[PDB]
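K.L.:
The structure that follows is given in the form of structure tokens.
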Amino acid sequence: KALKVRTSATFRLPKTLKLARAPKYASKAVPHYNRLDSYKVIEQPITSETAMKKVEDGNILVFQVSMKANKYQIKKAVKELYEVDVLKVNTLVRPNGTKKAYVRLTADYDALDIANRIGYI
Amino acid sequence: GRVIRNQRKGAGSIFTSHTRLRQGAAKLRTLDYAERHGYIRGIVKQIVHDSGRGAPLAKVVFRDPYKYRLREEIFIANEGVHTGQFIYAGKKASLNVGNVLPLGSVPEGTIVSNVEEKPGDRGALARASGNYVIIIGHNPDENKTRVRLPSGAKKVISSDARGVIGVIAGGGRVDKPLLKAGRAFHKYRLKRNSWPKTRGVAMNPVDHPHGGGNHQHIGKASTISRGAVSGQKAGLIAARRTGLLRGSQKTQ
Amino acid sequence: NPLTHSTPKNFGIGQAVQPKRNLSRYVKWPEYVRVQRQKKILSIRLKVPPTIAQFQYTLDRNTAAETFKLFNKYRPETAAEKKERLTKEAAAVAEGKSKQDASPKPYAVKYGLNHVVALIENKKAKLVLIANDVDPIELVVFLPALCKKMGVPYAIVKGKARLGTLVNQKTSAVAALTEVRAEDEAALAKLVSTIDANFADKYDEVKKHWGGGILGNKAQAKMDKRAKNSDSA
Amino acid sequence: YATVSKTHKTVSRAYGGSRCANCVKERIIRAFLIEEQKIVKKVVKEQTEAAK
RNA sequence: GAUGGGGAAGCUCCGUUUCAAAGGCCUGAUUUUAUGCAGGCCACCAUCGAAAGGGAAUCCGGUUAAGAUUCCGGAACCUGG
RNA sequence: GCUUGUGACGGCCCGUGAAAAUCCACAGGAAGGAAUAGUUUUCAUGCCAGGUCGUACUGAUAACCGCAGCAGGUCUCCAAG
RNA sequence: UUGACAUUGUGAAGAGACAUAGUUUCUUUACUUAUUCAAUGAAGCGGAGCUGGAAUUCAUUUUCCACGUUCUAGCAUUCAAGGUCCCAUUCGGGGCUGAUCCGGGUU
Ligand SMILES: [Mg+2]
Ligand SMILES: [Mg+2]
Ligand SMILES: [Mg+2]
Ligand SMILES: [Mg+2]
Ligand SMILES: [Mg+2]
Ligand SMILES: [Mg+2]
Ligand SMILES: [Mg+2]
Ligand SMILES: [Mg+2]
Ligand SMILES: [Mg+2]
Ligand SMILES: [Mg+2]
Ligand SMILES: [Mg+2]
Ligand SMILES: [Mg+2]
Ligand SMILES: [Mg+2]
Ligand SMILES: [Mg+2]
Ligand SMILES: [Mg+2]
Ligand SMILES: [Mg+2]
Ligand SMILES: [Mg+2]
Ligand SMILES: [Mg+2]
Ligand SMILES: [Mg+2]
Ligand SMILES: [Mg+2]
Ligand SMILES: [Mg+2]
Ligand SMILES: [Mg+2]
Ligand SMILES: [Mg+2]
Ligand SMILES: [Mg+2]
Ligand SMILES: [Mg+2]
Ligand SMILES: [Mg+2]
Ligand SMILES: [Mg+2]
Ligand SMILES: [Mg+2]
Ligand SMILES: [Mg+2]
Ligand SMILES: [Mg+2]
Ligand SMILES: [Mg+2]
Ligand SMILES: [Mg+2]
Ligand SMILES: [Mg+2]
Ligand SMILES: [Mg+2]
């Protein structure tokens, strides 16, 4: 017979079959547990005088929170740990290498109430 | 002593070309099937200043013979060419200012610019403002064509090498005195870092052959051998004569 | 016809985009392709010395076909045929008491380069097949001379793979016969003659003929035409 | 421009928000004439071929 | 400044699209089914490099011992879905 | 009037005074679409979401560099009678 | 920089000796595959053929050129419309031709 017909003068690398990995053994024995559950996320209340005020006056809980956690993780954590509803979460990094979360609850909740249920003042 | 100025140029650290505002390299079309069997038409779309250059460039655009699109080219504009003008490129093109033809298709005496030294090299000879080459004969067997370059030299090249009819625009640029240091400043500011220029005779010996002495002076013949060595070639290199040129130059 | 129209395009330089064509003559092949093709060309442009040039002459596809037909009746044991034979003797011999001679004298094609060479040097081979590929050609180039001096009939044949298939390897470089069934003696005598006529007889003459020296076809043209007009005005 | 309705980015002519109108007058005129002169060009050289 | 490469005894030097088989999008084909092939393109061939260059979009009033075009009040706008 | 913005112009050059991401538009017309009901999210209105790091203060005759709370040095914006 | 040796092969003509058969060595000038330089998203190379015709026929063609684009700052893309053959006529879709043949040396 006769040759192929290429209308391009460029020759490109054949499209070839890529098998997926089917290991003969497992990558690491046991999967790591959740590296960032809620208890590692929100570390401890911040109870400074001026934090307390935000609670009494702004329906805002203030937590020191994991450096490794973002506004999503903080929000979910607070929710799950406190049966509470968060309007929005602001955060800052303290000048001692720790994160503050200003957590505003929705108007259905009373942060003052909800702070001396967790047990502080 | 130390490495002299003309040796430091070669590493081109602070001696590279000032290139940022340049329009791009000026070149003829790639020598394809069109240009080498027939002719192809373009339009000059724009003729435009290129920083650091004297002659303006002409932006010329052609259809792509093999794909639906426009391919733009950067020419050097010959005196007379204009926006909207149709430019014809090819073996079977016709002798008009602006067109580009192989030197074999143009009669003796034709005036051309931006000519190739080999066919397809997209143009090498006579590009500076005002320059041009004259065709002065053909040798149809082994198709060569003899031309005369701006410099005076005659040279024979392939009759397939291409050229563009006419002279490069911007002529007489050098008829006008610069007048001040500052115009040279702005002149070389867009070229390369070669200005101003300390005479070696004003430097110290560490610096230059001409350097030093309790009066300024070169102190040995300033005509240097071809086979002199890097660090030695300052002055009149390989100079076969010297002194005020007396009487008509003109290559015979 | 209908509300349908003829509008023939004009593909003649300076108008209409060129259509899609077969550019296979123009494609920029991968280097390994360009190199293996040029290895061929360069190998013909040179003058190639007689002792390499004597390959390229290969058994014709008729005599060939007949020779694989014969050799194919003498394929060496298969793994199974041998597993079969062993148990057919290992049991039987060891007991009913044959002398490891409850197996019949095997007839096979002999192979392996080193094997065949020793066979040829002992004038045991009756017919030897030499492949024409063999890329270190040295493995094999001495074999026409070898067979010739040992008075052994031989043949340069297309297919190292083809020699391979008759011996159950991928390739085989050489294939030979030393033994034959009487039902075949005659078939072989005939085959050897056609073959001996095409190689061993021709050997001394082939030894004088450099090959290669062949121009490419743009240069042939150039010269078939330059030397057409030059003389014959 | 992505934040703004299509009518802010065109005028309702051929080549609307792209070429300038007097520019499209030119395009049209030149197209018509050149497409006409094409028939004129052909019929002359169809005549040259049969009168030669 | 990596990479196919080329130098260099070597630490490494050269080159940056270079003399390389350099890669991914749009949907169709699935109604064993989850994504294999069927077209056609596009050949652009890393990446780092600006808190004064380019650049989607927020404002006023109030508020602290110390923050604010970032919090509060009000009223907007952009991007993705 | 003063400062700043901006326009329509005018002088100058052998000086003619970046790039890229990104956004839109047009030419094209592959296609996909209605009457027993289709097309339309570049029109309005409506729902959800927008992470990560910086953010205090000094910026100089004392928070910077000059061994220092040094008559030195260190880029800039606002500008009343 | 200059020479020799190696990379280093192939022809042809001419000189050079065993001393007017060609082994060999130099000079000239040919060749291309080594080496070398440019180019290009390796696109139209080389060889033949179709037609047009200049051309003058000393039997009939011995040849040489051509062999789609130039008043105009438009338009030129969907394997191409046309023609023709198929699938079993559905919408869709395919071959050939349109676009001559041969050699895979990108030039
Ligand atoms: Mg309250
Ligand atoms: Mg923050
Ligand atoms: Mg540079
Ligand atoms: Mg300077
Ligand atoms: Mg001076
Ligand atoms: Mg001077
Ligand atoms: Mg001095
Ligand atoms: Mg000195
Ligand atoms: Mg000296
Ligand atoms: Mg001196
Ligand atoms: Mg002096
Ligand atoms: Mg058997
Ligand atoms: Mg409008
Ligand atoms: Mg590097
Ligand atoms: Mg960056
Ligand atoms: Mg920035
Ligand atoms: Mg900025
Ligand atoms: Mg305020
Ligand atoms: Mg506060
Ligand atoms: Mg403050
Ligand atoms: Mg707000
Ligand atoms: Mg609101
Ligand atoms: Mg939206
Ligand atoms: Mg100011
Ligand atoms: Mg200007
Ligand atoms: Mg726009
Ligand atoms: Mg379709
Ligand atoms: Mg909308
Ligand atoms: Mg994301
Ligand atoms: Mg501040
Ligand atoms: Mg202070
Ligand atoms: Mg001080
Ligand atoms: Mg020499
Ligand atoms: Mg090419």
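Chain B is numbered as in Swiss-Prot, which gives 2-253 for the residues shown.
Even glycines carry a Cβ here, placed using N, Cα and C.
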K.L.:
Which residue from B:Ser159, B:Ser226 is recorded in Swiss-Prot as phosphoserine?
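P.N.:
Swiss-Prot annotates phosphoserine at B:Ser159; the rest carry no such entry.
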K.L.:
Candidates are B:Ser130, B:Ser152, B:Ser160; I want to know which one Swiss-Prot annotates as phosphoserine.
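P.N.:
Of B:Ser130, B:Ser152, B:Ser160, Swiss-Prot lists B:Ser160 as: phosphoserine.
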K.L.:
Look up B:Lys60, B:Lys93 in Swiss-Prot and give me whichever carries the note ubiquitin cross-link.
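P.N.:
The residue tagged ubiquitin cross-link by Swiss-Prot is B:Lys93.
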K.L.:
Looking at the recorded positions listed here (B:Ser95, B:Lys119, B:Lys145, B:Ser159, B:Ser249), whose Cα lies nearest to that of B:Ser52 (phosphoserine)?
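P.N.:
Comparing Cα positions, the closest of these recorded positions turns out to be B:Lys119.
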K.L.:
Over all shown protein chains, what is the count of other CB atoms within 10 A of the CB belonging to B:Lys93 (ubiquitin cross-link)?
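P.N.:
Neighbour count, Cβ to Cβ under the 10 Å cut-off: 13.
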K.L.:
Using C-alpha atoms only, work out the spacing between B:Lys93 (ubiquitin cross-link) and B:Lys145 (ubiquitin cross-link) and round it to an integer in Å.
P.N.:
18
K.L.:
Looking only at DSSP and grouping its letters into three states, which state does B:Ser52 (phosphoserine) belong to?
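P.N.:
Coil, per DSSP.
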K.L.:
Around B:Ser160 (phosphoserine), which of the listed recorded positions (B:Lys46, B:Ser95, B:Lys119, B:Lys145, B:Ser249) come within 10 Å, judging by Cα atoms?
P.N.:
B:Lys119, B:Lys145
K.L.:
Out of B:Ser159, B:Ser160, B:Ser249, which of these modified residues shows the lowest number of other CB atoms within 10 Å of its CB?
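P.N.:
Counting other Cβ atoms within 10 Å of each of the modified residues B:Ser159, B:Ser160, B:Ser249, the minimum falls on B:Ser249.
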